[PDB]
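Undergrad: Got a file for you: query33.cif, mmCIF, C-alpha atoms and all ligand atoms.
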data_model
loop_
_atom_site.label_atom_id
_atom_site.label_comp_id
_atom_site.auth_asym_id
_atom_site.auth_seq_id
_atom_site.Cartn_x
_atom_site.Cartn_y
_atom_site.Cartn_z
CA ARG V 1 0.00 0.00 0.00
CA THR V 2 1.25 3.40 -1.07
CA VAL V 3 -0.10 6.80 -2.21
CA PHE V 4 1.28 9.46 -4.54
CA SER V 5 0.41 12.70 -2.72
CA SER V 6 2.94 15.47 -3.50
CA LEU V 7 5.19 16.91 -6.22
CA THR V 8 8.56 18.54 -6.57
CA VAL V 9 9.24 20.55 -9.76
CA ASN V 10 12.89 21.42 -10.65
CA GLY V 11 13.86 21.04 -6.96
CA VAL V 12 10.97 23.03 -5.52
CA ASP V 13 8.61 21.11 -3.23
CA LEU V 14 5.01 22.25 -3.83
CA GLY V 15 3.59 20.97 -0.52
CA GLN V 16 1.60 18.05 0.81
CA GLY V 17 -1.44 17.40 -1.39
CA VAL V 18 -0.74 20.43 -3.66
CA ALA V 19 -1.64 19.91 -7.33
CA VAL V 20 -2.47 16.22 -6.66
CA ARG V 21 -5.90 14.55 -6.38
CA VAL V 22 -5.02 12.54 -3.29
CA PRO V 23 -7.05 9.38 -2.64
CA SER V 24 -8.29 9.21 1.01
CA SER V 25 -7.28 5.55 1.19
CA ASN V 26 -4.11 3.67 0.45
CA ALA V 27 -6.33 0.80 -0.71
CA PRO V 28 -5.46 -0.36 -4.20
CA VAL V 29 -7.45 -0.14 -7.33
CA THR V 30 -7.87 -3.72 -8.58
CA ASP V 31 -10.47 -3.36 -11.35
CA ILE V 32 -8.67 -2.28 -14.54
CA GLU V 33 -12.07 -1.87 -16.27
CA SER V 34 -13.23 0.70 -13.66
CA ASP V 35 -12.87 4.48 -14.17
CA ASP V 36 -10.95 4.18 -10.85
CA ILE V 37 -7.96 2.98 -12.96
CA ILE V 38 -7.70 6.52 -14.46
CA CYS V 39 -6.91 8.67 -11.42
CA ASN V 40 -8.07 6.51 -8.42
CA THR V 41 -11.11 7.58 -6.36
CA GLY V 42 -12.33 8.96 -3.05
CA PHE V 43 -10.20 12.06 -3.04
CA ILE V 44 -9.48 14.11 0.04
CA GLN V 45 -11.79 17.09 -0.22
CA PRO V 46 -11.57 19.81 -1.16
CA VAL V 47 -9.31 18.77 -4.01
CA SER V 48 -6.35 21.07 -4.74
CA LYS V 49 -7.01 23.82 -7.31
CA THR V 50 -3.26 24.30 -7.85
CA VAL V 51 -1.86 23.51 -11.27
CA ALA V 52 1.92 23.18 -11.11
CA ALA V 53 3.82 25.06 -13.88
CA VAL V 54 6.50 22.74 -15.25
CA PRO V 55 8.85 23.58 -18.16
CA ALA V 56 8.98 20.96 -20.91
CA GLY V 57 12.28 19.21 -20.21
CA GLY V 58 11.92 19.79 -16.44
CA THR V 59 12.51 17.27 -13.71
CA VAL V 60 9.51 16.19 -11.62
CA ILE V 61 9.42 14.07 -8.51
CA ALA V 62 6.18 12.32 -7.72
CA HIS V 63 6.24 11.51 -3.97
CA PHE V 64 4.84 8.22 -2.69
CA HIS V 65 4.30 7.48 0.98
CA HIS V 66 2.59 4.70 2.82
CA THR V 67 -0.51 6.68 3.68
CA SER V 68 -2.46 9.54 2.12
CA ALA V 69 -1.00 11.89 4.77
CA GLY V 70 2.45 11.96 3.21
CA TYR V 71 5.49 11.86 5.42
CA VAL V 72 4.72 11.27 9.10
CA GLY V 73 8.10 10.05 10.29
CA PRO V 74 9.79 6.64 10.22
CA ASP V 75 7.76 3.71 9.03
CA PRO V 76 9.25 0.40 7.73
CA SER V 77 6.50 0.32 5.06
CA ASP V 78 7.08 3.94 3.84
CA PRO V 79 6.94 4.49 0.96
CA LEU V 80 5.75 0.90 0.54
CA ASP V 81 6.40 -2.54 2.07
CA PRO V 82 9.23 -3.63 -0.24
CA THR V 83 7.96 -7.23 -0.29
CA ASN V 84 5.46 -5.68 -2.82
CA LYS V 85 7.47 -6.08 -6.01
CA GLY V 86 6.39 -4.37 -9.17
CA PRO V 87 6.87 -1.54 -11.68
CA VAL V 88 6.45 2.22 -11.38
CA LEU V 89 5.00 4.14 -14.35
CA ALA V 90 4.18 7.73 -15.31
CA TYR V 91 1.76 8.99 -18.00
CA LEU V 92 0.55 12.32 -19.26
CA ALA V 93 -2.77 13.28 -20.87
CA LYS V 94 -3.53 16.64 -22.39
CA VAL V 95 -6.67 18.22 -20.82
CA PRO V 96 -8.57 21.49 -21.38
CA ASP V 97 -8.31 22.28 -17.68
CA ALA V 98 -6.14 20.32 -15.15
CA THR V 99 -8.80 21.05 -12.47
CA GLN V 100 -11.69 19.57 -14.50
CA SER V 101 -13.67 16.88 -12.62
CA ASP V 102 -14.18 14.50 -15.55
CA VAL V 103 -11.06 12.46 -16.33
CA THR V 104 -12.75 10.02 -18.69
CA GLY V 105 -12.09 9.91 -22.41
CA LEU V 106 -8.49 11.25 -22.17
CA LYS V 107 -5.51 10.06 -24.25
CA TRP V 108 -2.61 8.88 -22.09
CA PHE V 109 1.01 8.58 -23.21
CA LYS V 110 3.66 6.97 -21.09
CA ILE V 111 6.68 9.12 -20.30
CA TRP V 112 8.58 6.90 -17.83
CA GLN V 113 8.68 3.48 -16.30
CA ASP V 114 10.88 1.31 -14.18
CA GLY V 115 10.07 -2.37 -14.39
CA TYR V 116 12.35 -5.27 -13.63
CA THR V 117 16.08 -5.60 -14.32
CA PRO V 118 17.01 -9.32 -14.55
CA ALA V 119 20.77 -8.89 -14.10
CA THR V 120 20.28 -7.22 -10.72
CA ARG V 121 16.91 -8.89 -9.80
CA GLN V 122 15.71 -5.37 -8.93
CA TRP V 123 12.23 -3.90 -9.43
CA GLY V 124 11.13 -0.32 -9.85
CA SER V 125 9.37 -0.71 -6.49
CA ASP V 126 12.74 -1.50 -4.81
CA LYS V 127 14.25 1.66 -6.29
CA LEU V 128 11.20 3.67 -5.19
CA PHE V 129 11.74 2.35 -1.67
CA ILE V 130 15.50 3.16 -1.73
CA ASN V 131 14.64 6.63 -3.05
CA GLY V 132 12.27 7.36 -0.13
CA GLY V 133 9.19 7.32 -2.42
CA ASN V 134 10.71 9.68 -4.97
CA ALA V 135 9.66 8.71 -8.52
CA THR V 136 11.87 11.06 -10.53
CA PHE V 137 11.41 11.63 -14.28
CA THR V 138 11.64 14.35 -16.90
CA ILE V 139 8.81 15.91 -18.84
CA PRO V 140 9.64 15.37 -22.56
CA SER V 141 11.20 18.58 -24.03
CA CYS V 142 9.25 18.56 -27.31
CA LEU V 143 5.65 18.57 -25.94
CA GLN V 144 2.97 21.09 -26.79
CA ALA V 145 2.56 23.58 -23.93
CA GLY V 146 -0.69 23.46 -21.99
CA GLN V 147 -2.60 21.76 -19.23
CA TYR V 148 -2.03 18.06 -18.55
CA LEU V 149 -2.82 15.38 -15.98
CA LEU V 150 0.16 13.43 -14.69
CA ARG V 151 -0.86 9.84 -13.76
CA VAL V 152 1.84 8.13 -11.67
CA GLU V 153 1.41 4.51 -10.62
CA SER V 154 3.01 1.88 -8.43
CA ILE V 155 1.83 -1.70 -9.11
CA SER V 156 2.24 -4.49 -6.61
CA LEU V 157 2.43 -7.93 -8.21
CA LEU V 158 2.59 -9.82 -4.91
CA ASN V 159 -0.89 -11.39 -5.47
CA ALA V 160 -0.96 -11.11 -9.28
CA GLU V 161 -0.93 -14.91 -10.18
CA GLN V 162 -4.64 -14.41 -11.05
CA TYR V 163 -6.82 -11.45 -12.07
CA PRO V 164 -7.96 -9.64 -10.06
CA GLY V 165 -4.72 -9.68 -8.13
CA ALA V 166 -2.39 -6.88 -9.26
CA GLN V 167 -2.75 -3.87 -6.95
CA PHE V 168 -2.67 -0.42 -8.62
CA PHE V 169 -1.65 2.53 -6.47
CA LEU V 170 -1.99 5.75 -8.42
CA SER V 171 -2.91 9.38 -8.40
CA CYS V 172 -3.08 12.22 -10.87
CA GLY V 173 -1.11 15.44 -10.63
CA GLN V 174 -2.31 18.72 -12.21
CA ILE V 175 0.34 20.42 -14.34
CA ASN V 176 0.78 23.22 -16.86
CA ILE V 177 3.59 22.44 -19.23
CA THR V 178 5.40 25.60 -20.35
CA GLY V 179 7.76 26.22 -23.24
CA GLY V 180 8.08 23.03 -25.19
CA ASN V 181 7.52 22.56 -28.91
CA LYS V 182 4.56 21.24 -30.84
CA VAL V 183 4.59 17.48 -30.35
CA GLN V 184 1.28 15.90 -29.29
CA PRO V 185 1.93 12.17 -28.83
CA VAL V 186 -0.55 9.44 -29.58
CA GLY V 187 -2.08 8.09 -26.38
CA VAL V 188 -4.16 5.17 -25.11
CA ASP V 189 -7.46 4.96 -23.25
CA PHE V 190 -7.97 4.41 -19.57
CA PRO V 191 -9.81 2.24 -18.91
CA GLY V 192 -8.77 0.08 -21.85
CA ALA V 193 -4.93 0.14 -22.01
CA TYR V 194 -4.64 -2.53 -19.32
CA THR V 195 -6.26 -5.93 -19.92
CA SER V 196 -6.58 -9.13 -17.86
CA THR V 197 -4.42 -11.06 -20.37
CA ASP V 198 -1.48 -8.63 -20.11
CA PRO V 199 1.56 -10.53 -18.69
CA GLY V 200 2.56 -7.29 -16.94
CA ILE V 201 -0.66 -7.59 -14.90
CA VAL V 202 -1.02 -11.34 -14.48
CA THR V 203 2.32 -12.83 -13.39
CA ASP V 204 3.83 -14.92 -10.58
CA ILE V 205 6.79 -12.73 -9.16
CA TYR V 206 8.31 -15.94 -7.75
CA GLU V 207 8.34 -17.15 -11.46
CA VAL V 208 9.60 -13.88 -13.09
CA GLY V 209 12.58 -14.19 -15.45
CA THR V 210 11.78 -11.26 -17.68
CA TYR V 211 9.01 -8.72 -17.25
CA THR V 212 7.36 -6.10 -19.38
CA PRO V 213 5.26 -3.46 -17.59
CA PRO V 214 1.71 -3.05 -18.93
CA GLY V 215 0.58 -0.35 -21.30
CA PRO V 216 2.20 1.34 -24.31
CA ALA V 217 5.82 1.98 -25.05
CA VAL V 218 7.48 4.99 -23.43
CA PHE V 219 7.23 8.12 -25.54
CA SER V 220 10.43 10.04 -26.01
CA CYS V 221 11.24 13.02 -28.19
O1 LIG B 1 -20.40 6.93 -9.75
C1 LIG B 1 -20.10 7.33 -8.41
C2 LIG B 1 -18.63 7.72 -8.23
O2 LIG B 1 -18.29 8.78 -9.13
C3 LIG B 1 -18.34 8.16 -6.79
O3 LIG B 1 -16.93 8.41 -6.59
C4 LIG B 1 -16.61 9.76 -6.18
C5 LIG B 1 -16.62 10.67 -7.39
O4 LIG B 1 -16.47 12.02 -6.95
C6 LIG B 1 -15.19 12.24 -6.34
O5 LIG B 1 -15.01 13.61 -5.93
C7 LIG B 1 -14.61 14.44 -7.02
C8 LIG B 1 -13.14 14.70 -6.96
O6 LIG B 1 -12.72 15.43 -8.14
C9 LIG B 1 -13.36 16.72 -8.16
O7 LIG B 1 -12.92 17.27 -9.38
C10 LIG B 1 -12.09 18.44 -9.42
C11 LIG B 1 -10.78 18.05 -8.91
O8 LIG B 1 -9.89 19.15 -9.16
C12 LIG B 1 -10.19 20.34 -8.37
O9 LIG B 1 -9.17 21.31 -8.67
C13 LIG B 1 -11.60 20.83 -8.76
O10 LIG B 1 -12.08 21.96 -7.99
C14 LIG B 1 -12.63 19.67 -8.67
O11 LIG B 1 -13.88 20.04 -9.30
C15 LIG B 1 -14.88 16.64 -8.12
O12 LIG B 1 -15.35 17.99 -8.02
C16 LIG B 1 -15.37 15.77 -6.97
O13 LIG B 1 -16.76 15.55 -7.12
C17 LIG B 1 -15.02 11.37 -5.09
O14 LIG B 1 -13.76 11.72 -4.55
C18 LIG B 1 -15.26 9.90 -5.46
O15 LIG B 1 -15.31 9.14 -4.28
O16 LIG B 1 -18.81 7.16 -5.87
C19 LIG B 1 -20.16 6.82 -6.08
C20 LIG B 1 -20.40 6.21 -7.42
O17 LIG B 1 -21.74 5.72 -7.47
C1 LIG B 2 13.50 12.86 -2.38
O1 LIG B 2 13.12 14.16 -2.84
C2 LIG B 2 13.39 15.27 -1.97
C3 LIG B 2 12.95 16.53 -2.73
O2 LIG B 2 11.57 16.60 -2.47
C4 LIG B 2 14.84 15.30 -1.52
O3 LIG B 2 14.96 16.32 -0.52
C5 LIG B 2 15.83 17.40 -0.84
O4 LIG B 2 17.18 17.03 -1.12
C6 LIG B 2 17.87 18.21 -1.62
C7 LIG B 2 19.28 17.87 -2.08
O5 LIG B 2 19.55 16.51 -1.74
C8 LIG B 2 17.93 19.34 -0.59
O6 LIG B 2 18.40 20.55 -1.20
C9 LIG B 2 16.56 19.64 -0.02
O7 LIG B 2 16.79 20.51 1.10
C10 LIG B 2 15.82 18.35 0.35
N1 LIG B 2 14.43 18.57 0.74
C11 LIG B 2 13.81 17.90 1.74
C12 LIG B 2 14.62 16.88 2.52
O8 LIG B 2 12.63 18.10 2.02
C13 LIG B 2 15.27 13.94 -0.95
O9 LIG B 2 16.69 13.92 -0.70
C14 LIG B 2 14.92 12.76 -1.83
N2 LIG B 2 15.07 11.55 -1.02
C15 LIG B 2 15.85 10.58 -1.42
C16 LIG B 2 15.95 9.41 -0.46
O10 LIG B 2 16.44 10.66 -2.50
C1 LIG B 3 15.92 17.86 -14.03
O1 LIG B 3 16.83 17.57 -12.98
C2 LIG B 3 17.59 16.36 -13.01
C3 LIG B 3 18.68 16.38 -11.92
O2 LIG B 3 18.03 16.76 -10.70
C4 LIG B 3 18.29 16.15 -14.33
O3 LIG B 3 18.88 14.82 -14.24
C5 LIG B 3 17.30 16.35 -15.46
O4 LIG B 3 17.99 16.33 -16.71
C6 LIG B 3 16.61 17.71 -15.37
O5 LIG B 3 17.57 18.77 -15.53
#
The structure given in the file should be rewritten as structure tokens.
TA:
Amino acid sequence: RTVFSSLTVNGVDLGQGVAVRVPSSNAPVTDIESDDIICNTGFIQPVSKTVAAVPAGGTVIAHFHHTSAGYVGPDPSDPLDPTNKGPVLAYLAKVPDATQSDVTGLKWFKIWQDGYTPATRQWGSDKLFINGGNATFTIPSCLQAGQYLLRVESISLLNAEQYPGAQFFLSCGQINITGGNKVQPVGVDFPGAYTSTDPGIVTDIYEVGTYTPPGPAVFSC
């Protein structure tokens, strides 16, 4: 169990809950056909009306912690219990307004992931743990400026030998990409991008040799 609940943009911490729709619970989403797979559900109200300005090319940190409160001191399961092996992923979708309530029917492109590295037997989740819940990635330099949602996700595959089983821990940040260029990548639907036959979603982690995280290939300029 883990929750993405704060952002840092080019080394500046925005504050707990700022520009993120923070779920009230650290309970996972498990239904990949639910609209809950888009940006989670049950947000702490009132939801932030901050939209973080981020230059295209800028470095973002999405902060995960064990609970929706963020950092509350030492905890052996903060940011997650590292027995929960799996990937970490980040997607963007262009939106008319990053504070709009309706997140359905958006087109999501993947900008970062960290899956499994066979030679070191290390998962993205292990690195997230080592990094104190910091999922650090760059916003592609060539993107069209404007408002976007930033969907960042930690998947636990501990119970993923069947479907349902995989546990999806995700939130959406609210950003305004500045500068940039004119690229508007092709995206995928949520729900829809993840299916019950995807071997990134149904897998035995005690039988992993190679692993491919679910969803489309990472977009890069
Ligand atoms: O079908 C029903 C489900 O939808 C429901 O789940 C709840 C759906 O409403 C959620 O609250 C939302 C949170 O998002 C707000 O949107 C904006 C977020 O950005 C802000 O900057 C802006 O001001 C907000 O407008 C939206 O206003 C608010 O309603 C709630 O958290 C979910 O639990 O459950 C019942 C199902 O039957
Ligand atoms: C995770 O991210 C935070 C940024 O939110 C890092 O904290 C900052 O570290 C820099 C340089 O190391 C300092 O200038 C800031 O004063 C720190 N801010 C804090 C502690 O709130 C933090 O080091 C990262 N954690 C890990 C384990 O990498
Ligand atoms: C944002 O910051 C990181 C270093 O903190 C860089 O690695 C990245 O290229 C971007 O400048």
Undergrad: For residue 153 of chain V, please output as a list in words all residues within 10 Å (counting all atoms listed in the file; exclusion window: fewer than 4 positions along the same chain).
TA: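 Result of the neighbour search: residues 2, 3, 4, 37, 39, 40, 62, 64, 87, 88, 89, 90, 91, 113, 135, 168, 169, 170, 171 and 172 of chain V.
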Undergrad: With all atoms listed in the file counted, collect every polymer residue having an atom within 10 Å of ligand LIG 1 (chain B); state the result as a PDB file with C-alpha atoms, keeping the file's coordinate frame.
TA:
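What ended up in out_35.pdb:
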ATOM      1  CA  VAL V  18      -0.740  20.430  -3.660  1.00  0.00           C
ATOM      2  CA  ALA V  19      -1.640  19.910  -7.330  1.00  0.00           C
ATOM      3  CA  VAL V  20      -2.470  16.220  -6.660  1.00  0.00           C
ATOM      4  CA  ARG V  21      -5.900  14.550  -6.380  1.00  0.00           C
ATOM      5  CA  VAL V  22      -5.020  12.540  -3.290  1.00  0.00           C
ATOM      6  CA  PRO V  23      -7.050   9.380  -2.640  1.00  0.00           C
ATOM      7  CA  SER V  24      -8.290   9.210   1.010  1.00  0.00           C
ATOM      8  CA  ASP V  35     -12.870   4.480 -14.170  1.00  0.00           C
ATOM      9  CA  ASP V  36     -10.950   4.180 -10.850  1.00  0.00           C
ATOM     10  CA  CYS V  39      -6.910   8.670 -11.420  1.00  0.00           C
ATOM     11  CA  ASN V  40      -8.070   6.510  -8.420  1.00  0.00           C
ATOM     12  CA  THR V  41     -11.110   7.580  -6.360  1.00  0.00           C
ATOM     13  CA  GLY V  42     -12.330   8.960  -3.050  1.00  0.00           C
ATOM     14  CA  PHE V  43     -10.200  12.060  -3.040  1.00  0.00           C
ATOM     15  CA  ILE V  44      -9.480  14.110   0.040  1.00  0.00           C
ATOM     16  CA  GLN V  45     -11.790  17.090  -0.220  1.00  0.00           C
ATOM     17  CA  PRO V  46     -11.570  19.810  -1.160  1.00  0.00           C
ATOM     18  CA  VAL V  47      -9.310  18.770  -4.010  1.00  0.00           C
ATOM     19  CA  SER V  48      -6.350  21.070  -4.740  1.00  0.00           C
ATOM     20  CA  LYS V  49      -7.010  23.820  -7.310  1.00  0.00           C
ATOM     21  CA  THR V  50      -3.260  24.300  -7.850  1.00  0.00           C
ATOM     22  CA  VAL V  51      -1.860  23.510 -11.270  1.00  0.00           C
ATOM     23  CA  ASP V  97      -8.310  22.280 -17.680  1.00  0.00           C
ATOM     24  CA  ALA V  98      -6.140  20.320 -15.150  1.00  0.00           C
ATOM     25  CA  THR V  99      -8.800  21.050 -12.470  1.00  0.00           C
ATOM     26  CA  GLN V 100     -11.690  19.570 -14.500  1.00  0.00           C
ATOM     27  CA  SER V 101     -13.670  16.880 -12.620  1.00  0.00           C
ATOM     28  CA  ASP V 102     -14.180  14.500 -15.550  1.00  0.00           C
ATOM     29  CA  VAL V 103     -11.060  12.460 -16.330  1.00  0.00           C
ATOM     30  CA  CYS V 172      -3.080  12.220 -10.870  1.00  0.00           C
ATOM     31  CA  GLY V 173      -1.110  15.440 -10.630  1.00  0.00           C
ATOM     32  CA  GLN V 174      -2.310  18.720 -12.210  1.00  0.00           C
TER      33      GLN V 174
END
Undergrad: What lies within 10 Å of residue 86 of chain V using only C-alpha atoms, ignoring chain neighbours under 6 positions off, as a PyMOL selection string?
TA: chain V and resi 114-116+122-126+154-158+160+166-168+200-201+205+211+213
Undergrad: How would you write, as a ChimeraX atom specification, the set of residues no farther than 8 Å from ligand LIG 2 (chain B) when counting only C-alpha atoms and all ligand atoms?
TA: /V:7-8,11-13,61,63,130-134
Undergrad: Collect all residues with atoms no farther than 9 Å from ligand LIG 3 (chain B), counting all atoms listed in the file, and output them as a list in words.
TA: residues 9, 10, 11, 57, 58, 59, 60, 136, 137, 138 and 139 of chain V
Undergrad: Considering all atoms listed in the file, state which residue in the set V:190, V:71, V:163, V:112 is at the smallest distance from residue 219 of chain V.
TA: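 Checking each candidate against residue 219 of chain V, we get V:112 as the closest.
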Undergrad: Just the number, please: distance in Å from atom CA of residue 107 of chain V to atom CA of residue 54 of chain V, one decimal.
TA: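 Computing it gives 19.6 Å between the two atoms.
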Undergrad: What separation in Å, quoted to one decimal, exists between atom CA of residue 53 of chain V and atom CA of residue 70 of chain V?
TA: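 Between atom CA of residue 53 of chain V and atom CA of residue 70 of chain V the gap is 21.6 Å.
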Undergrad: Report, in Å to a single decimal, how far apart atom CA of residue 194 of chain V and atom CA of residue 215 of chain V are.
TA: 6.0 Å
Undergrad: Calculated over only C-alpha atoms, which of the candidates V:6, V:96, V:183, V:164 has the smallest distance to residue 148 of chain V?
TA: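 Closest to residue 148 of chain V of all the choices is V:96.
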Undergrad: Could you check which of V:83, V:220, V:141, V:77 is closest to residue 185 of chain V, using only C-alpha atoms?
TA: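 Using only C-alpha atoms, residue 185 of chain V sits closest to V:220.
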Undergrad: Point out the residue among V:105, V:66, V:186, V:214 with the least atom-to-atom distance to residue 78 of chain V, counting only C-alpha atoms.
TA: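 Ranked by minimum distance to residue 78 of chain V, first place goes to V:66.
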Undergrad: Which of these residues is nearest to residue 146 of chain V, using all atoms listed in the file: V:80, V:202, V:193, V:52?
TA: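 Checking each of V:80, V:202, V:193, V:52 against residue 146 of chain V, counting all atoms listed in the file, the winner is V:52.
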Undergrad: Counting only C-alpha atoms, figure out which residue out of V:210, V:120, V:162, V:176 gets nearest to residue 145 of chain V.
TA: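 Ranked by minimum distance to residue 145 of chain V, first place goes to V:176.
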